[PDB]
Every structure is written in C-alpha cells, then in structure tokens.
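Asker: Sending over a structure as structure tokens; questions will come in a sec.
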Amino acid sequence: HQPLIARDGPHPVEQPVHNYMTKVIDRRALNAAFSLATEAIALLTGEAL
Amino acid sequence: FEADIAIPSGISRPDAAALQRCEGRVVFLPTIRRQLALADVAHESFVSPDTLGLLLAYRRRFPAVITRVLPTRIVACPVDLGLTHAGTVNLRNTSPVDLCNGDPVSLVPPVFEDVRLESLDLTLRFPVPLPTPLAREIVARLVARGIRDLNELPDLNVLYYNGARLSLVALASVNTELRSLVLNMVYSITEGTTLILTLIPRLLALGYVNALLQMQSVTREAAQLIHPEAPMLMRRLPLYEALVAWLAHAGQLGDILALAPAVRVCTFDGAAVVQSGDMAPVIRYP
Amino acid sequence: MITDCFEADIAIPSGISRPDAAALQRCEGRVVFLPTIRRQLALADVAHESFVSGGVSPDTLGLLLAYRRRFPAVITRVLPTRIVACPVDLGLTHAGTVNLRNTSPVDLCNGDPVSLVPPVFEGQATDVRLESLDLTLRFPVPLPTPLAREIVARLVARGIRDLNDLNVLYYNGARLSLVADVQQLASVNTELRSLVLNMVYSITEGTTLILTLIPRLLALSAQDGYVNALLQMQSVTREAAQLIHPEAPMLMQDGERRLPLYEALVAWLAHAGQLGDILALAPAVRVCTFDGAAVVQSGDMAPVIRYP
Amino acid sequence: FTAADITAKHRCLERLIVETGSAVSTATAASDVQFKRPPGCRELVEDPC
Amino acid sequence: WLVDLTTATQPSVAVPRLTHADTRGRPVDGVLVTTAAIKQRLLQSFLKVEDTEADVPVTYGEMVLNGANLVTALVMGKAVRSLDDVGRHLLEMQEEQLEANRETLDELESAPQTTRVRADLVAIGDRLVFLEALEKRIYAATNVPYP
Amino acid sequence: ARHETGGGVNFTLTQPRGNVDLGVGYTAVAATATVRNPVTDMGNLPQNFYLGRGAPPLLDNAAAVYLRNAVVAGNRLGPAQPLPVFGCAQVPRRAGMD
Amino acid sequence: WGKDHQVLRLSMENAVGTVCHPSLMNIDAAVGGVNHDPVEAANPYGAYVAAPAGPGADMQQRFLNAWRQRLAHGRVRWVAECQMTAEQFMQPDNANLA
Amino acid sequence: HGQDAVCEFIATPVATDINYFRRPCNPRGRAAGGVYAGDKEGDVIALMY
Amino acid sequence: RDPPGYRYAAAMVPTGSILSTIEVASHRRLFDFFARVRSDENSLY
C-alpha cells in the first residue's frame with residue numbers, strides 16, 4: 001500500500017494507491033562426485049575375499 | 001544414461017507448447033554432462049555458420065535424441081554413451097523421405113527449407129535425419145549444382161528415392177549458403193590434378209610402378225594427361241611442400257563430407273517403413 | 001560381457017626386477033598392438049622386438065605400416081603377473097569409458113578423434129626398456145587427427161625428396177619439430193604407390209570441366225579475402241593458370257543422360273578424400289570427458305568413447 | 001563501435017546498475033596474451049565502461 | 001563510509017523465526033563479508049566488537065504436502081503453502097468482523113532452538129552486524145576461488 | 001546418480017534448490033575496497049590484422065605477398081603458420097613471460 | 001608508465017599491422033551503402049571531365065561560354081570548404097560532414 | 001676500507017638507451033633464468049639464446 | 001508472457017509483513033505481475 005499526503009489545490013486531488021505484485025522462484029542445484037575404485041568394488045561385494 | 005537440459009523460466013503458452021511439439025528430434029550438446037543449459041543447444045551457440053560450418057560443429061558436439069520433455073527440464077539421452085546403455089529410443093522424422101527398416105541414419109543441417117522461442121529469444125535449428133545413401137547424394141548434388149552456377153542442366157534437380165520424387169529446388173539463399181563448400185571442392189580437385197600433372201612427367205621412374213602406371217594410363221590416364229597437357233603447357237616449382245598442404249586439406253574434407261551414421265533402425269512389431277512425420281524405434285548398439 | 005570386454009592378457013614373465021616392474025605400473029593407459037585377438041599373449045609378442053622383420057628394424061615411416069596389421073589395444077589395468085588390455089577393434093567397455101594417457105606434447109579437446117603415431121618427435125622417442133628381460137616397448141604417441149594427417153604428410157613428402165625445410169610444425173602456437181631420420185626404400189614405395197593408384201583413380205572425364213574454372217578462381221581470389229586466404233601464398237593453381245589455358249569439349253558422348261560434375265566428386269571422395277586414411281591408420285577413438293574440462297592436458301589421462 | 005549491442009540494451013537504470021557490477025568479461029586473464037573468451041567459462045567483472 | 005554501506009539498503013520482510021541475536025538479546029540486523037585482509041584493518045582501528053558469541057537458531061523449516069493441501073496438488077493441480085490455515089481463516093472471517101492489522105500467519109510459529117555460536121558482532125551506526133570472512137571455514141585448501 | 005569409467009564407478013550427487021528475493025528494492029550492496037596485482041601488464045602490443053580474414057587482398061600477388069611477409073615477419077603476434085582456412089589461427093608461444 | 005615502472009614507448013611505426021593491411025582501401029560497403037537514397041546533383045564542376053575539344057585556342061571560350069550558368073547555380077563545394085576552421089568544420093554547420 | 005670488489009667490463013653498443021639501467025636489469029642484455037620460463041623442455045634455453 | 005494476477009483470497013491472510021516502504025513502481029523489473037490501483041477497483045471482487 002502507499003500512504004498519502006493531502007494538498008491544497010489547484011493540484012488535482014490524489015487518491016490512495018495499492019501496489020500488487022508477485023515474484024517467481026528460480027531453480028538451481030549442487031554437484032559432487034564420489035568415485036570408487038575398481039578393486040574396491042570386488043572387496044565390498046566380497047568377490048576377492 | 002540421460003542428460004538434462006534446464007529450461008529457463010518465463011516461457012509463454014505457445015513457446016512451452018513449441019518444446020512439446022519437438023518430442024523426438026535431434027539435439028547436439030557440447031559435453032556429456034548431467035546439468036546443461038538450453039543456450040548451449042541453441043543455434044546461437046554455434047557461432048554464424050554456413051553449411052560448411054555446421055558440418056564441422058556436428059562433429060565436435062555430441063548428439064542426443066530428446067526423450068520425454070518435462071515442463072522444467074528437457075531430458076536428453078546421448079547417442080555415444082547412453083544409447084549403449086538404453087537400448088531403443090524413439091526418433092521422429094522431419095525429412096521428406098520414408099525411413100525403411102535397418103537404415104544407417106545420419107543427420108544433415110536443414111538445407112531444404114526451425115522452432116524459435118520468442119519468450120527466450122533464441123532459435124533451435126534441428127538437423128534433418130535422412131539416411132546415409134541419400135546423405136552422400138544430396139550433398140553431392142548440391143555441391144554439383146553450385147559449380148554449374150559458377151560459369152544449369154534439365155536434370156540434377158530431381159531425386160527418386162523409394163519410388164518418390166524429391167525436389168531440391170522447391171533457392172538463391174541456398175546456393176550462397178553452401179558456397180564455402182564449393183570453393184573448397186573446386187580447390188581440392190584443381191590442386192590435386194595439377195600435382196599429378198607435375199609429378200608423373202617429373203619422375204615416371206621405371207621400377208614396375210611405371211609399368212603399372214603407363215599400362216593403366218594406356219589411353220586412360222596418359223591420354224587424359226595429354227589431353228590436359230594439350231589444354232595446357234608442359235625456375236624451381238615448390239612441389240614437395242605443396243603435397244603436404246594438400247594432403248592436410250584433402251584429408252580434412254573427407255571427414256566433413258563423410259556424414260557418418262549414428263542411428264540404425266531395428267523396428268520390431270511395427271511397419272518396415274517409417275513414414276515422414278512418424279517416430280522410428282532407433283538403436284545404436286549391436 | 002564378452003562382446004563388451006574381451007580383455008587380452010599379456011602375461012608377464014617370472015623374473016622382473018623392481019626397477020622394471022614399477023616401470024609397468026607407470027604405463028597404465030597406453031597403447032599396445034596385439035598381433036591377434038587372443039585372450040593370452042606374452043610381452044615378447046607385444047614389444048618392439050616382436051615388431052622387427054628379419055634383421056630389419058623399421059624406420060618411423062614403415063613402423064606405421066605394421067601398426068595397421070595389428071590390433072590397437074589400450075591397457076586398462078596392470079596386475080603384478082599380467083597386463084590387461086582392451087582391443088579397440090571389438091568394443092571398448094560395457095559403458096565404454098577407457099583411459100589413454102598423453103605421451104604427446106599436445107593437448108586434446110573434447111570431441112577430438114585420437115590418431116596414434118609412432119614416436120616421431122624430438123626428445124620424445126621414449127622406449128621403456130626392460131633391462132631385466134631385454135624388452136623395449138615402443139608405446140606409440142596419441143595425437144589429434146589434424147596433427148596425424150599433417151605429420152604423415154611430412155614423412156611421406158620427405159622420402160619423395162630422396163628419389164632425386166619440411167620437419168617443423170606448429171600446433172596452437174607450439175613450435176614442435178619432428179625427428180629428421182633416414183627412411184628405407186621399401187617403405188616409401190609402398191607409400192608412393194598408395195598415392196598414385198588413388199590419385200589417378202580420382203580423375204574422371206568430369207574433371208576437365210573443373211580445370212576450366214581455374215582462371216575463374218584467380219579472378220575470384222583477388223576479390224574475396226576468403227579465397228585469398230584459402231588458396232595460399234604457396235599453392236600450385238596460382239601458377240597452373242598462367243601456363244595453362246584449357247578449353248572444354250563442346251559435346252560429350254551421351255552427354256545428356258549422364259552427369260559430368262556429379263560423377264567426378266564421388267570418384268574424387270572415394271579415392272582422394274579417403275587417402276589420408278590409407279597412408280596412416282584410422283582414428284577409432286575420440287575423447288568425451290564428462291565433467292572435468294574441455295581440454296585434457298599432456299600427461300593426464302583422458303576419457304574415451306568409440307568413434308565411428 | 002558495434003551498433004547492434006547498444007541498440008539492444010534496455011534503458012532502465014535500476015537494472016543496469018545491478019548488472020554492470022556482475023557483467024561478463026570479453027577477454028580472459030587465463031590466456032597467454034589476450035583472447036576473446038572461450039565458450040567454456042565466465043568471469044564476472046564490473047565494466048563501468 | 002561504512003555508515004553508508006549500511007544505510008543504503010531497505011530491510012525486507014520480518015520473519016520472526018530467525019532471531020539471530022546477542023547474548024544480550026539485541027537482534028542482529030545485517031551481515032558484512034570481507035576478505036581476511038580488510039577484516040583486520042577494520043577491527044584494529046575503525047570498528048569495535050560489541051559482542052563475541054552470538055545466539056543462532058538451529059533447525060530449518062519444513063513444508064510438507066500432508067493433508068488437504070496434497071489433494072489439491074493432485075486433483076486441483078495447485079498448492080498453497082499452508083492451506084490448513086488460509087483454508088481455516090476464510091471461514092471465521094466469513095462470519096465475525098473486520099480488523100485491518102491482523103495476526104500474521106507467519107507469526108504464530110514457535111521459536112526454533114537457539115544455541116551459542118562464535119561470530120564477531122560489530123555496531124556500525126545503530127545496527128549490529130555479523131562481520132564475517134569465510135575463506136577459512138570454507139575455501140580452505142579447496143581449490144575454489146573466493147567469490 | 002551412478003556411472004562407471006575405467007572400472008571406477010562414479011557416484012554424482014545433486015540437490016535441487018530455489019531462490020527468491022523477498023525484499024522489494026535493493027537488499028544488498030557490493031563495494032570496492034582495495035586493488036591487488038593488476039593482471040594485464042600495461043604494455044605496448046600492436047595488433048596485426050594479418051591474423052584477420054575477410055579483407056579482399058590487393059590485386060597483385062607480388063605486392064600482397066610482399067607486405068604480408070614484410071610485416072608479419074618477426075612479429076610478437078602475427079601468424080606463425082599462414083592462416084588455415086577452417087582451422088584456428090595460432091599466435092606464437094613465447095619462451096617465457098614476466 | 002608500464003606496469004612495473006618502466007618508461008615505455010609507443011609510436012607511429014607500430015601502427016603498421018592496422019594501416020598496412022590492404023583492407024583500408026576496402027570501400028564498397030560504404031559507397032554501396034551511402035547511395036541508398038538518391039542524392040542530388042551539385043554543380044558538377046569537379047565531378048565531370050570531358051573529352052578534349054578540337055581547337056587549341058577556342059577550347060576555353062567554349063568552356064566559359066557553355067558553363068556560365070553552371071558556375072552561377074550553386075557554389076563549388078571544394079572551394080567553399082577552404083575557409084572552414086577546424087572547429088568550424090566539425091560543427092553541423094557544414095552539411096558535408098556526411 | 002675492506003676487500004676490493006672486482007669490477008668487470010662488458011662491451012656494448014653505444015646506442016642502447018640508458019633507460020635500460022635506471023631500474024634493476026640483467027647485464028647480459030636478455031632476461032635469463034628458469035623463473036621466467038614456461039613448462040616445456042626447450043624453454044630455459046629459448047629464453048637465453 | 002504469462003503474468004497471472006495474484007490471489008486475493010490467499011493474500012487476505014498474509015504469512016508475514018513487509019518492512020521497508022518505498023515507491024514500488026520506481027523499479028518494476030524485479031516482479032512479474034505488477035498492478036497499481038487507485039483507492040479501489042472492480043476486478044478485486
């Protein structure tokens with residue numbers, strides 16, 4: 001909303017003004033990389049035990 | 001494997017329907033990466049190239065066939081990697097040529113006749129997926145038309161494929177768009193046939209190679225050499241350094257003009273002939 | 001798996017000194033030419049002593065000519081008793097991401113196909129010699145294809161000088177010089193015959209139309225700055241118009257139903273445009289990094305996807 | 001000199017002041033001498049010019 | 001000059017979940033971020049630290065679609081942040097009265113758990129400000145450059 | 001996600017997020033304080049155009065080749081290898097910078 | 001002053017790579033583009049050259065007699081501009097900037 | 001006073017501007033040293049000679 | 001462009017107040033749906 005201040009003429013009279021608006025989100029992400037090693041696959045699975 | 005292409009927000013009602021219209025159409029993405037922006041796909045990212053420029057840039061970039069198109073992101077499955085992972089992806093014809101079963105399919109820049117997103121202010125030029133026997137003919141016709149426009153014929157404007165008439169004419173933009181190919185094809189021949197003309201009379205050395213040469217040139221090449229030298233003449237010419245710059249140039253145009261397939265079409269429980277406008281079940285892995 | 005990974009096993013011998021066994025683990029992704037596609041080979045079937053003919057060690061030109069008789073394989077993993085490799089000619093991996101290593105002084109880019117060359121460069125002919133077995137391994141040099149089409153053109157043209165300088169390149173501002181070396185006559189005549197059979201086959205009756213268009217080009221090159229930058233300062237067609245005034249034949253035999261210009265280009269592409277593949281070997285590999293960068297530097301490993 | 005850029009930009013001031021802090025460099029500081037920027041990476045720079 | 005960093009901006013909506021504050025309870029009005037270099041020069045001379053350990057909320061917030069707000073996501077195709085309230089007060093309002101200043105729905109949340117935390121508090125003019133340089137906590141021996 | 005290279009199995013991890021500026025007007029301000037090392041040396045490096053292409057040459061191949069050589073030669077910048085048609089022009093690489 | 005506090009020198013002779021490029025005698029993009037809208041004809045006194053008239057003497061009298069009104073129509077461009085001070089010359093007083 | 005520094009003399013052309021000497025310089029006429037070089041094998045000499 | 005007008009029934013019950021007050025129209029481009037009203041308007045109802 002916006003306030004007013006009255007005035008004398010001959011200024012044309014001013015009326016209350018209401019501002020409406022909406023905003024829109026913007027989308028993002030993050031990234032990281034975990035990589036294992038080959039043999040580490042064997043051991044965890046148990047294949048090399 | 002599948003990559004995502006994020007649509008930036010602020011899409012109108014027809015432009016969001018415009019990405020819905022191009023369901024299974026080809027997209028080149030620069031690097032295989034999980035997140036990727038839609039500016040990288042667009043025609044603005046190619047800087048603007050002519051049809052010699054786009055054939056270079058379709059050899060550096062990585063083609064992906066668009067699968068399901070979500071309102072927030074475009075999902076793309078690349079051909080070199082995830083198509084060895086995912087077996088069959090649908091792909092939509094845009095060509096005027098019906099794809100038969102088991103055709104090696106290449107993609108060609110749209111020389112014949114292009115979705116522009118007005119809210120985003122970028123254009124998306126897609127290639128035209130037509131098979132490799134036509135792809136080697138249509139480019140070879142359009143280069144050969146460009147030479148007869150450098151002084152046409154009653155023929156050469158008409159192709160027949162699968163019983164159907166093709167029309168390359170449907171033009172003055174096309175002949176100037178494809179012009180930097182023509183200036184390379186004319187250069188790569190006329191520099192070639194003069195080095196042959198400057199080295200066979202230079203050596204003609206007889207071990208058996210000249211016996212292989214002149215017998216194969218017996219009224220075939222030496223008469224072609226003499227009829228060229230009749231329309232010619234017979235300091236030290238910089239000959240041996242002109243070989244290098246030609247072989248580096250001649251071997252380069254063979255890779256632009258190769259137009260190698262990516263796609264093979266193994267249809268199953270469907271028509272053997274995929275029409276124009278329809279989708280074709282598409283694989284690249286044996 | 002058998003179609004995806006078909007992993008040849010170079011067996012390592014029994015007695016290897018730790019100076020030489022640790023030399024193999026420094027050679028993780030390099031290129032090994034398997035003579036066949038057996039699942040069991042030996043290092044004596046891989047090394048440079050396997051590469052020799054009877055008493056005749058091949059020069060750097062002829063050493064290309066027996067790469068293409070074998071099967072280029074990238075080593076994937078070097079166990080202490082054997083060395084595992086993936087032959088490129090079948091299929092690389094399941095998901096298909098193998099690693100080379102740049103032994104070249106040249107960086108790569110994404111999408112660049114990789115042609116491999118014998119070790120031509122100066123200060124680079126680097127052979128791992130296993131002194132505890134007497135086995136030298138000439139690991140080849142992987143390069144981008146606008147280099148290997150140029151180097152093979154330098155090595156072919158230098159031998160044809162010897163039947164009667166050239167040895168300096170530039171790649172991205174890096175002056176690199178290749179080794180000027182003696183070249184054997186048996187290797188050059190295989191290269192020399194491979195040109196002239198392929199060039200003369202690339203001439204057809206349509207080519208006499210195109211030779212009329214030479215003084216059009218010097219008429220055109222003085223106007224456009226592109227053709228003026230296309231021809232060169234050192235071309236032949238700039239001299240072969242001022243000595244050559246050709247004229248086209250007016251009629252041709254059945255000259256209405258045949259296409260003169262169309263038959264020349266296809267006969268050109270299938271014999272002369274193919275020719276850079278004929279002298280060298282084919283780039284069966286290109287580089288597709290996922291997330292790192294656009295450029296794989298020298299010495300760093302590089303992810304790899306098969307190339308049609 | 002390029003006209004198609006100056007004609008392109010909009011005339012809101014509220015906006016430009018935000019952008020010419022965060023705007024994007026034409027050159028690169030990673031090259032050997034100085035280059036048009038490769039397509040890969042982006043250097044936020046403030047051009048008062 | 002620092003007084004002109006801080007007075008040129010216009011405070012935003014008041015969410016009384018945050019409540020970053022002193023060990024006195026005076027709430028923190030803002031944040032500075034500098035390099036490690038500038039931070040000293042300001043602390044040596046130009047500024048004084050009015051407090052050391054700050055009280056900080058712990059938990060995030062959570063918006064879950066459980067409830068009638070879910071059905072509308074599926075059936076209606078839309079969602080409203082808390083519809084279990086807006087949906088309510090569009091009933092009572094429909095009956096009782098009119099009051100311009102109302103009880104803001106955001107207000108009625110209970111406070112998060114606040115703990116003790118160490119960060120420099122500085123008073124530039126009238127407002128307390130977290131004065132902070134992250135390049136040690138973060139960006140330490142990670143190769144990412146400091147934005 | 002999950003991915004595999006050279007036997008190594010990559011795990012890549014993403015979280016999506018979103019931002020809104022819930023202030024009306026300027027809620028934040030950047031201010032330049034000091035200056036570090038100016039990165040670009042302030043030098044005198046002239047620009048050749050002979051790197052360039054798209055300028056129709058002068059009609060006499062005796063003069064064009066005369067100039068090009070008589071300028072591009074021994075130049076901090078101008079092309080090492082004469083301009084390839086479709087490659088990238090490359091600038092000589094210096095032995096070392098200061 | 002250079003970066004490192006050297007006195008550096010820049011001069012004409014470094015202008016070569018720019019000027020000496022043949023492209024400065026590239027025009028047509030100009031003349032082809034300034035003639036878009038048709039332009040008038042001034043007193044073409046410097047813009048026209050004739051074929052030599054037959055008589056040696058009578059030639060100039062022919063000249064004067066035929067060109068009288070031609071020199072009385074407007075004023076000769078290249079002479080009027082002789083009195084323009086530089087500062088006067090740049091102002092949009094002389095339409096001949098364009 | 002103390003041990004005497006041993007001067008030496010390198011002959012140079014008379015033209016070379018003194019301004020090469022009004023800030024610390026290398027006598028040899030060209031900057032030597034590995035510090036300045038790049039990463040390549042031939043650099044250190046390439047700078048030198 | 002798709003600038004859907006905001007939802008008055010929801011905004012009838014706000015989550016939290018704004019704080020600073022400024023002429024808003026001075027800088028529009030931050031927003032999407034932006035509307036001025038003089039003292040009242042018919043579409044509000």
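Identifiers for the structure tokens are assigned positionally: chains receive A, B, ... in sequence, residues are indexed from 1 per chain, and ligands are indexed from 1 in the order shown.
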Got a sec to pull out which chain I residues are within 9 Å of chain E, counting only C-alpha atoms, and send them as an MDAnalysis selection string?
Answerer: chainID I and resid 9:10 12:22
Asker: Would you return as a PyMOL selection string the members of stretch 71-305 of chain C that DSSP assigns to helix (DSSP H, G or I) on this structure's backbone?
Answerer: chain C and resi 145-161+185-200+207-221+225-228+260-269+275-279
Asker: Give one line per residue of chain C that approaches chain H to at most 10 Å, naming the two atoms of the closest pair and their distance in Å to one decimal, counting only C-alpha atoms; sort by chain then ascending residue number and deliver it as a Markdown table.
Answerer:
| residue | atom | partner | partner_atom | distance |
| --- | --- | --- | --- | --- |
| C:105 | CA | H:40 | CA | 8.6 |
| C:123 | CA | H:41 | CA | 8.6 |
| C:174 | CA | H:40 | CA | 9.7 |
Asker: Take atom CA of residue D:29 and atom CA of residue F:39 and report the distance between them in Å, one decimal.
Answerer: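 Spanning atom CA of residue D:29 to atom CA of residue F:39 is a straight-line distance of 7.1 Å.
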Asker: With only C-alpha atoms as the counted atoms, please give the residues lying no more than 10 Å from stretch 35-47 of chain G, apart from itself and same-chain residues fewer than 2 positions off, as a list in words.
Answerer: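 The neighbour list is residues 30, 31, 32, 33, 49, 67, 69, 70, 71, 72, 73, 74, 75, 76, 77 and 78 of chain G.
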Asker: Taking the chain letters and numbering used in this document, name the residues of stretch 43-238 of chain B that DSSP puts in strand (DSSP E or B), as number ranges by chain.
Answerer: B: 62-69, 73-78, 89-92, 99-100, 105-108, 115-117, 122-124, 128-131, 158-161, 164-167
Asker: Export, as a compact mmCIF listing (two decimals), in the first residue's frame, the selected residues with N, CA and C atoms.
Answerer:
# COMPACT_ATOMS: atom_id res chain seq x y z
N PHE B 62 28.07 -33.53 -29.33
CA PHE B 62 27.64 -34.89 -29.04
C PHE B 62 26.14 -34.98 -29.23
N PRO B 63 25.64 -35.78 -30.16
CA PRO B 63 24.22 -35.76 -30.46
C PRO B 63 23.42 -36.50 -29.41
N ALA B 64 22.28 -35.93 -29.06
CA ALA B 64 21.37 -36.59 -28.14
C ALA B 64 19.99 -36.55 -28.74
N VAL B 65 19.26 -37.65 -28.62
CA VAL B 65 17.89 -37.70 -29.09
C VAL B 65 17.00 -37.37 -27.92
N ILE B 66 16.08 -36.42 -28.10
CA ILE B 66 15.27 -35.99 -26.97
C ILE B 66 14.22 -37.05 -26.67
N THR B 67 14.22 -37.52 -25.44
CA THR B 67 13.16 -38.34 -24.87
C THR B 67 12.14 -37.39 -24.23
N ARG B 68 11.42 -37.86 -23.20
CA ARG B 68 10.35 -37.10 -22.56
C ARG B 68 10.76 -35.68 -22.17
N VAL B 69 9.89 -34.72 -22.51
CA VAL B 69 10.17 -33.30 -22.38
C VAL B 69 9.36 -32.73 -21.23
N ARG B 73 12.58 -29.15 -17.29
CA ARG B 73 13.84 -29.54 -17.90
C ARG B 73 13.54 -30.41 -19.11
N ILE B 74 14.46 -30.41 -20.06
CA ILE B 74 14.39 -31.30 -21.22
C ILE B 74 15.31 -32.47 -20.96
N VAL B 75 14.81 -33.68 -21.10
CA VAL B 75 15.60 -34.87 -20.84
C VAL B 75 16.17 -35.35 -22.17
N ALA B 76 17.48 -35.54 -22.23
CA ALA B 76 18.16 -35.95 -23.45
C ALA B 76 19.03 -37.16 -23.18
N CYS B 77 18.89 -38.17 -24.03
CA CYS B 77 19.71 -39.36 -23.97
C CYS B 77 20.74 -39.30 -25.08
N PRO B 78 22.02 -39.23 -24.75
CA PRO B 78 23.05 -39.10 -25.78
C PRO B 78 23.23 -40.40 -26.54
N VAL B 89 15.40 -45.86 -28.43
CA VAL B 89 14.84 -44.53 -28.23
C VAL B 89 13.99 -44.23 -29.45
N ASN B 90 12.84 -43.60 -29.26
CA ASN B 90 12.09 -43.14 -30.43
C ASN B 90 12.75 -41.92 -31.05
N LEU B 91 12.57 -41.77 -32.36
CA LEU B 91 13.12 -40.65 -33.11
C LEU B 91 12.14 -40.28 -34.20
N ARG B 92 11.86 -38.99 -34.35
CA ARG B 92 10.83 -38.52 -35.26
C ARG B 92 11.43 -38.08 -36.58
N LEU B 99 11.80 -43.62 -43.81
CA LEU B 99 12.87 -44.47 -43.33
C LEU B 99 12.44 -45.92 -43.34
N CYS B 100 13.19 -46.75 -44.05
CA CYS B 100 12.93 -48.18 -44.11
C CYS B 100 13.60 -48.86 -42.93
N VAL B 105 21.33 -44.16 -40.37
CA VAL B 105 20.75 -42.83 -40.43
C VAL B 105 21.79 -41.83 -39.99
N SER B 106 22.05 -40.85 -40.83
CA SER B 106 22.88 -39.71 -40.48
C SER B 106 21.97 -38.50 -40.33
N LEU B 107 22.53 -37.41 -39.84
CA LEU B 107 21.82 -36.16 -39.71
C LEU B 107 22.55 -35.04 -40.45
N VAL B 108 21.77 -34.16 -41.07
CA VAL B 108 22.23 -33.20 -42.07
C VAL B 108 21.65 -31.85 -41.65
N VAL B 115 12.36 -24.12 -34.82
CA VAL B 115 11.49 -23.61 -33.78
C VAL B 115 12.17 -22.43 -33.10
N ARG B 116 11.51 -21.29 -33.08
CA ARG B 116 12.02 -20.11 -32.40
C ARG B 116 11.20 -19.81 -31.15
N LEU B 117 11.88 -19.74 -30.02
CA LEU B 117 11.25 -19.48 -28.74
C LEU B 117 11.25 -17.98 -28.50
N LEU B 122 15.64 -17.17 -28.54
CA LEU B 122 16.65 -17.98 -29.21
C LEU B 122 15.96 -18.96 -30.14
N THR B 123 16.66 -19.32 -31.20
CA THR B 123 16.15 -20.24 -32.20
C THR B 123 16.78 -21.60 -31.96
N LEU B 124 16.03 -22.65 -32.25
CA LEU B 124 16.55 -24.00 -32.21
C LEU B 124 16.47 -24.60 -33.60
N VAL B 128 18.20 -32.64 -39.97
CA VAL B 128 17.18 -33.38 -40.70
C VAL B 128 17.66 -34.82 -40.84
N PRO B 129 17.05 -35.77 -40.15
CA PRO B 129 17.54 -37.16 -40.13
C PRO B 129 17.18 -37.99 -41.36
N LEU B 130 18.04 -37.97 -42.36
CA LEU B 130 17.86 -38.79 -43.55
C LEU B 130 19.03 -39.76 -43.72
N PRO B 131 18.82 -40.94 -44.33
CA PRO B 131 19.84 -42.00 -44.29
C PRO B 131 21.10 -41.68 -45.07
N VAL B 158 16.15 -33.28 -59.52
CA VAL B 158 15.15 -34.29 -59.20
C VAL B 158 15.85 -35.53 -58.67
N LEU B 159 15.39 -36.00 -57.52
CA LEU B 159 15.83 -37.28 -56.99
C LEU B 159 14.64 -38.21 -56.84
N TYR B 160 14.88 -39.49 -57.12
CA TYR B 160 13.91 -40.54 -56.85
C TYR B 160 14.45 -41.42 -55.74
N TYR B 161 13.69 -41.53 -54.66
CA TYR B 161 14.01 -42.44 -53.58
C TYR B 161 12.74 -43.19 -53.24
N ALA B 164 9.56 -42.32 -54.83
CA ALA B 164 9.01 -41.00 -54.55
C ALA B 164 9.92 -39.93 -55.13
N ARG B 165 9.32 -38.85 -55.62
CA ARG B 165 10.08 -37.78 -56.23
C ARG B 165 10.52 -36.77 -55.18
N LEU B 166 11.81 -36.47 -55.16
CA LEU B 166 12.36 -35.44 -54.28
C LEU B 166 12.66 -34.19 -55.08
N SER B 167 12.48 -33.05 -54.44
CA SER B 167 12.63 -31.75 -55.08
C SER B 167 13.63 -30.94 -54.27
